[PDB]
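Here the structure is laid out as structure tokens; the discussion comes afterwards.
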Amino acid sequence: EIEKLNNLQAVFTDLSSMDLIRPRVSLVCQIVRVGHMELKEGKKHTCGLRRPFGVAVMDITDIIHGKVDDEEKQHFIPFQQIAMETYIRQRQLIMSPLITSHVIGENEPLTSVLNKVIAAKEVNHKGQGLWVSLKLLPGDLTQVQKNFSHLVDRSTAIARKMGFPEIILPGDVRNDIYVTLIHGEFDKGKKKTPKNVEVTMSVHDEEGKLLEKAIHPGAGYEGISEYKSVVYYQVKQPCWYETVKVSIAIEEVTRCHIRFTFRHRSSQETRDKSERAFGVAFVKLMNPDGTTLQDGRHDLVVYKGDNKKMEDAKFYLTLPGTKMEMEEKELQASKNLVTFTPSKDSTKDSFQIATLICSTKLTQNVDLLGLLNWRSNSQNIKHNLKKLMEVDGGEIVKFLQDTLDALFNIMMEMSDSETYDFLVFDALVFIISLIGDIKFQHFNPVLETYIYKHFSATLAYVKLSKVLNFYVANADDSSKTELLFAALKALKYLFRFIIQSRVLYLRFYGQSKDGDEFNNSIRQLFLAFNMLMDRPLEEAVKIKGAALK
Numbered sequence: 270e271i272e273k274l275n276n277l278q279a280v281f282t283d284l285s286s287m288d289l290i291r292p293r294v295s296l297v298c299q300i301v302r303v304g305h306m307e308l309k310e311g312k313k314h315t316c317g318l319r320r321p322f323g324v325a326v327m328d329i330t331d332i333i334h335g336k337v338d339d340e341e342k343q344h345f346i347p348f349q350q351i352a353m354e355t356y357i358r359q360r361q362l363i364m365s366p367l368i369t370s371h372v373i374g375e376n377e378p379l380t381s382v383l384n385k386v387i388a389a390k391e392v393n394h395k396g397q398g399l400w401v402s403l404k405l406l407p408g409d410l411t412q413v414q415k416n417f418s419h420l421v422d423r424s425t426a427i428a429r430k431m432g433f434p435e436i437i438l439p440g441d442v443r444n445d446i447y448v449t450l451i452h453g454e455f456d457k458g459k460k461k462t463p464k465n466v467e468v469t470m471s472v473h474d475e476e477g478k479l480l481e482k483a484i485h486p487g488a489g490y491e492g493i494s495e496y497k498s499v500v501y502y503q504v505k506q507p508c509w510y511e512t513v514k515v516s517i518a519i520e521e522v523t524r525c526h527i528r529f530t531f532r533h534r535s536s537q538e539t540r541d542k543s544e545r546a547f548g549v550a551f552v553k554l555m556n557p558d559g560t561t562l563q564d565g566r567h568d569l570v571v572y573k574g575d576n577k578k579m580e581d582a583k584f585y586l587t588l589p590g591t592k593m594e595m596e597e598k599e600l601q602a603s604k605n606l607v608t609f610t611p612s613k614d615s616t617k618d619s620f621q622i623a624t625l626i627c628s629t630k631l632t633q634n635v636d637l638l639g640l641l642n643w644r645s646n647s648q649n650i651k652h653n654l655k656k657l658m659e660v661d662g663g664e665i666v667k668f669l670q671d672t673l674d675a676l677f678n679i680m681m682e683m684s685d686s687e688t689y690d691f692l693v694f695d696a697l698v699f700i701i702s703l704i705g706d707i708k709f710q711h712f713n714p715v716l717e718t719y720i721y722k723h724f725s726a727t728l729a730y731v732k733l734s735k736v737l738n739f740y741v742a743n744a745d746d747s748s749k750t751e752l753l754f755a756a757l758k759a760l761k762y763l764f765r766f767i768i769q770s771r772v773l774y775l776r777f778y779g780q781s782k783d784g785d786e787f788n789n790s791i792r793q794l795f796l797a798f799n800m801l802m803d804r805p806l807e808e809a810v811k812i813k814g815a816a817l818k
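Residue numbering for the sequence shown follows PDB author numbering, beginning at 270 and increasing consecutively.
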């Protein structure tokens with residue numbers, strides 16, 4: 270790109286405070302040649318295929334530390350090419366030739382070369398490299414682009430951090446589906462040479478229509494309909510580890526899946542284009558339980574067989590896509606011998622991917638969804654309430670509004686069962702405790718917003734007062750001790766919600782017929798506190814401290 274050389278400016282935002290204190294931070298440039306499989310002259314070869322070339326790494330940890338900052342500095346990052354050492358040293362070997370090997374100078378993954386460049390501080394770059402000016406600019410994208418508009422303009426390329434920040438601003442709408450093709454074991458088949466497998470991912474809807482520009486190779490580049498993995502020269506297990514960007518509409522990912530096409534890339538363009546994808550794997554970005562694809566590693570299944578079927582959305586989508594899907598279909602097929610015959614097409618070929626989804630609306634939890642599905646999951650409400658605490662505050666905070674609303678619905682509908690009331694009490698306590706954290710304190714304004722505007726309960730305040738009065742009545746209980754202490758920690762917002770419910774009652778029924786009763790509840794909380802406190806301090810000194818606090 271002739272218009273990018275003078276504007277090849279790379280900015281890496283989201284670098285939180287812990288990002289800086291990382292002991293070892295390295296800016297790694299992947300040098301991959303796009304073009305011919307073989308650097309040979311005389312015959313046509315497949316063009317546009319990606320091959321590993323080398324890795325350039327510079328330890329920029331102290332550069333990100335802010336120790337050194339100067340625009341005019343042009344840090345020459347040494348480039349380390351892969352060891353294609355097969356020409357010089359072979360010229361001197363006489364009087365004892367006993368060697369039977371092959372040429373492996375390009376087949377190594379760039380992961381191994383990168384590991385070597387990390388291990389070897391000095392790179393024998395031999396004058397091959399790249400000059401970059403490295404600086405850290407305080408603040409976010411806006412602050413960097415306004416306090417350093419000269420360095421960083423709106424045309425400057427933008428790159429985000431592989432994860433989440435230490436401060437989650439309310440409304441950080443993102444859909445970062447980072448896909449990393451870790452590795453894949455592909456059988457050589459009838460071919461003596463191992464297939465030059467190239468993972469050409471294809472994002473299709475549930476109807477199979479390929480989503481255009483869904484896959485993004487990386488920062489500073491537009492999306493593409495399909496992204497091709499680095500074609501490895503005759504490798505049985507090509508290890509890619511290629512992290513790519515996927516930005517689907519967060520509403521559309523509910524009906525979108527990435528289909529992974531693996532084609533044998535022969536050394537000849539005619540054979541390359543006459544060879545179809547011998548196997549295709551695929552992953553649905555939504556779990557069967559209504560949640561999106563989980564954050565972690567998913568092992569895809571390379572399917573073999575009729576080319577139409579292995580590309581038929583109405584068929585291969587119905588086919589399990591992962592080894593987890595393999596085993597779940599197999600096990601759920603064991604309890605019912607009703608039309609469950611394993612297909613012999615399930616070859617040993619497998620594919621591995623890493624899906625770091627950095628999103629705001631995407632949901633990854635069974636317990637959270639089921640508890641949000643309380644009106645149809647009444648049987649697991651007792652379990653979903655128990656297991657919502659293990660659901661991370663990050664999962665909760667995305668739809669804390671809906672979680673609160675559903676809890677209040679559970680309370681108003683079935684408050685008769687006090688055990689579920691206790692479960693919702695404790696879930697709410699954990700909720701406020703986690704929101705009060707530094708990570709989630711920024712949604713405390715959102716929490717108050719929900720309290721003051723979106724709150725929709727009219728009698729739960731009674732029940733919560735009852736439950737907390739029971740806690741303070743049973744203060745000496747060791748199991749309760751932590752529960753009541755946590756209730757102490759979040760008393761403020763607890764009674765914010767309680768007062769909201771009470772006032773909603775007030776304005777919905779005109780006058781408080783039980784205002785006397787409610788005030789008596791307040792007074793009895795006072796005096797139950799008094800029994801709590803007049804007990805010997807040795808049992809609950811920290812509890813009395815939190816009470817005073």
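From the three backbone atoms N, C-alpha and C, an ideal C-beta is built for every residue, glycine too.
On the CB-based measure, 16 or more other CB atoms within 10 Å of its CB, does residue i come out buried or exposed?
i	result
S603	exposed
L806	exposed
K497	buried
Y502	buried
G487	exposed
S619	buried
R358	exposed
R319	buried
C508	buried
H485	buried
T355	exposed
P434	buried
Under 8 Å by Cβ, that's how I've got residue i and residue j pegged, so tell me the actual separation to the nearest angstrom.
i	j	result
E475	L586	7 Å
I626	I446	5 Å
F455	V607	About 34 Å separates the two Cβ atoms, so there is no contact after all.
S781	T727	Actually they do not touch by this definition, with Cβ atoms about 12 Å apart.
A797	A742	6 Å
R566	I437	Their Cβ separation, rounded to whole angstroms, is 24 Å, which puts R566 and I437 out of contact at 8 Å.
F531	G590	The pair is not a contact, with the Cβ atoms about 14 Å apart (cut-off 8 Å).
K573	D614	5 Å
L692	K655	7 Å
Nearest to residue i by CA position, among the options, is which residue?
i	options	result
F699	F724, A759, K818	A759
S285	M431, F609, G323	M431
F551	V448, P507, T629	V448
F724	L752, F677, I665, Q412	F677
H419	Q278, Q633, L641, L631	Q278
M802	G814, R792, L289	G814
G335	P347, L379, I290, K514	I290
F764	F694, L752, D745	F694
Specify the secondary structure class of residue i as computed by DSSP and reduced to three states.
i	result
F777	helix
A546	coil
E596	helix
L296	strand
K722	helix
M470	strand
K573	coil
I700	helix
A428	strand
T750	helix
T591	strand
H305	coil
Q793	helix
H394	coil
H652	helix
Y740	helix
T561	strand
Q350	strand
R320	strand
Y730	helix
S381	helix
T523	helix
Would you please verify whether the beta carbon of residue i is less than 9 Å from any beta carbon of chain D?
i	result
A389	Note that chain D does not occur in the displayed structure, where there is just one protein chain.
Legend entry - contact_flag[the stretch 533 to 541, the stretch 472 to 487] where n(CB pairs < 8 Å) is 3 or more: no
Legend entry - Contact the stretch 400 to 413 vs the stretch 347 to 364: 3+ CB pairs below 8 Å: no
Inset, instruction - Please confirm if the stretch 700 to 717 is in contact with the stretch 728 to 747, defined as three or more CB-CB distances below 8 Å between the two stretches. - result: no
Inset, instruction - Give a yes or no on contact between the stretch 462 to 470 and the stretch 526 to 535, applying the rule of three or more CB pairs nearer than 8 Å. - result: yes
Inset, instruction - Count the CB pairs spanning the stretch 552 to 567 and the stretch 630 to 646 that are closer than 8 Å, and state whether there are at least three. - result: yes
Legend entry - Validate contact between the stretch 299 to 314 and the stretch 420 to 430 using beta carbons, cut 8 Å, 3 pairs: no
Inset, instruction - Kindly confirm or deny that the stretch 384 to 400 and the stretch 513 to 521 touch, where touching means at least three C-beta pairs closer than 8 Å. - result: no
Inset, instruction - Spell out a yes or no on whether the stretch 692 to 710 and the stretch 744 to 764 are touching, meaning 3 or more CB-CB pairs, one atom from each, closer than 8 Å. - result: yes
Legend entry - Cβ contact check for the stretch 588 to 599 and the stretch 675 to 691: 3 or more pairs under 8 Å: no
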